[PDB]
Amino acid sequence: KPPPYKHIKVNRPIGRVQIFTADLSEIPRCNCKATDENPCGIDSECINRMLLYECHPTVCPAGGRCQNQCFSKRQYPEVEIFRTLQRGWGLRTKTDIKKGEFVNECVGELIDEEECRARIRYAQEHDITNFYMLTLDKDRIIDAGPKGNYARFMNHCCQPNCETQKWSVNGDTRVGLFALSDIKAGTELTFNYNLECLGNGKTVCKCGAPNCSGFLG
């Protein structure tokens, strides 16, 4: 059984950490029509989607059928946690996911470098080998360990089927997972941690890909 965690829907800023807000002047304005085949969708000419911005619902001309509100809408593909051989607990999809489709948001407690330094330090001193830390920016780190969602079970892979993207939503950064290719129902959902994830120093990569570098990210 996986150790408990508080299931949260949005990022939770801790201590000095701030969650900022901008106006409509700091957001592009697309010209997608309600009559388009997939208004503001994965293959459209939506200037907001292209610049990694969501559309503002009350001003998007595509209106009600705007397809560029994936973070705000929190509609994720059906997933489940399962027991992997060597990388502990993992996350697999229960439904087919298409290339470029939104998979999840990396949601956790938003912490600063001082709080992140104390939590790695405690984990190191107490032989904790599982980390759920992801850089939002130089000032803010997502920690999905105490509080999070299903994204926290997604393992690293040198040949992943997902990627992270830094999007602007309501005037602040959010981290989302998007499919790098079509993913079949039953497959483990992975992403390359790259330099984004903290604490995994001397961790040996067990992704088992033919192009494995031996290290996490």
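Each residue number is its position in the shown sequence, starting from 1.
As the entry records it, the average C-alpha temperature factor is higher for 65-73, out of 144-152 and 65-73. Look at the C-alpha B-factors of 122-130 and of 107-115. On average they run higher in 122-130. If you compare the C-alpha temperature factors of 175, 158, 46, 34 in the entry, 34 comes out highest. Taking the PDB entry at face value, the top CA B factor among 42, 180, 55, 52 belongs to 42.
The deposited CA B-factor of residue 59 belongs to the middle third of values across its chain.
When all modelled residues of the chain are sorted by CA temperature factor, residue 97 is found within the highest third. In the PDB entry, a CA B factor belonging to the highest third of its chain's modelled residues is recorded for residue 85. In this PDB entry, the Cα temperature factor of residue 197 sits in the middle third of its chain's modelled residues. Sort the chain's modelled residues by C-alpha temperature factor and residue 24 lands in the highest third, per the entry.
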